[PDB]
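*Asks:* What follows is a single structure, and I will ask about it in a moment.
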Amino acid sequence: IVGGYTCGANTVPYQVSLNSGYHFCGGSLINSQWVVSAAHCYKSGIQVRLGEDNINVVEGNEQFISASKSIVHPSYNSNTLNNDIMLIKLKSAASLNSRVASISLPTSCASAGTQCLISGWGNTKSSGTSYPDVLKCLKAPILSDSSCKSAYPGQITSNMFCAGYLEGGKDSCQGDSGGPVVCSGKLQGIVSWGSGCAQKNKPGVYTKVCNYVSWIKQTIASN
Ligand SMILES: [Ca+2]
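For the sequence shown, mature numbering (1 follows the signal peptide of the UniProt record, and there is no 0) assigns the number 7 to the initial residue and increments by one for each residue that follows.
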């Protein structure tokens with residue numbers, strides 16, 4: 007997260023870190039046995055880490071559970087990042103509490119102008135590199151599709167939405183991918199891509215989760 011603030015330990019209970027020997031992506035816990043993340047974060051040997059704040063220090067609220075199965079969206083296109091969403095099933099259910107909790111899926115799409123909370127352990131600089139050890143947060147509004155498509159001509163599909171600031175300075179970034187974008191207590195987006203981080207007129211592009219609620223529910227129910 008660039009230009010954000012330190013969330014605080016366990017203040018974002020649905021935030022998970024995907025670890026394959028190191029943190030490589032974020033994700034959101036939707037129920038005790040399922041995690042949603044970005045399809046571009048796919049890889050084998052994923053261990054899900056919940057209840058994390060400092061990902062390099064065992065502070066006592068963590069739950070490390072390996073994935074039993076990963077399901078990348080049927081129509082995921084790695085070249086365009088269209089349908090950048092993936093589901094991960096845990097080998098065993100997580101113990102839910104005030105520090106480790108699931109996030110509700112939306113029943114309707116959120117409108118432009120809605121303020122959301124984006125979080126992750128990604129790079130904190132628009133130029134250069136600096137990865138934090140504790141969870142970073144950012145409040146940003148959903149941008150209109152018009153400004154979103156003007157910012158990224160020929161690249162924004164109906165399954166994407168922009169959130170952030172056209173002025174730049176604040177945005178999600180490398181390492182934040184797969185993370186949550188929560189608005190009104192509902193998971194509305196997944197950190198997907200953007201041109202660099204926090205650049206002027208290059209806001210973050212997020213997977214529009216409301217378009218995938220049926221696929222998520224049906225997959226969970228049969229797996
Ligand atoms: Ca820790």
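Here a beta-carbon is modelled for each residue, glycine too, at the ideal position from N, C-alpha and C.
For residue 99, count neighbouring C-beta atoms within 10 Å of its own C-beta (all shown protein chains included) and say buried if the count is 16 or more, exposed if not.
*Replies:* exposed
*Asks:* Where are the beta strand (DSSP E) runs, 3 residues long or more, that stay fully inside the segment 127-160, in chain order?
*Replies:* 142-147, all fully within the segment 127-160.
*Asks:* If you count every other CB in all the chains shown that lies within 10 Å of the CB of residue 28, and 16 or more means buried, which is it?
*Replies:* exposed
*Asks:* What does a CB cutoff of less than 8 Å around residue 104 pick up in its chain, not counting 5 residues either side in sequence?
*Replies:* 16 and 19
*Asks:* Would the C-beta of residue 177 count as close to ligand 1, meaning under 7 Å from any of its heavy atoms?
*Replies:* no
*Asks:* For the segment 177-209, list the beta strand (DSSP E) runs that are entirely contained and at least 3 residues long, ordered along the chain.
*Replies:* Those beta strand (DSSP E) runs which fall completely within the segment 177-209 and span 3+ residues are 186-189 and 192-199.
*Asks:* May I ask you to list the residues that DSSP assigns as paired with residue 172?
*Replies:* Its beta-bridge partners do not exist; DSSP assigns none.
*Asks:* In three-state DSSP terms, what is residue 47?
*Replies:* helix
*Asks:* So, do the segment 83-98 and the segment 144-158 have three or more beta carbon pairs nearer to each other than 8 Å?
*Replies:* no
*Asks:* Could you tell me which of 136, 202, 122 and 206 sits nearest to residue 185, measuring between CA atoms?
*Replies:* Residue 185 has its Cα closest to that of 122, out of 136, 202, 122 and 206.
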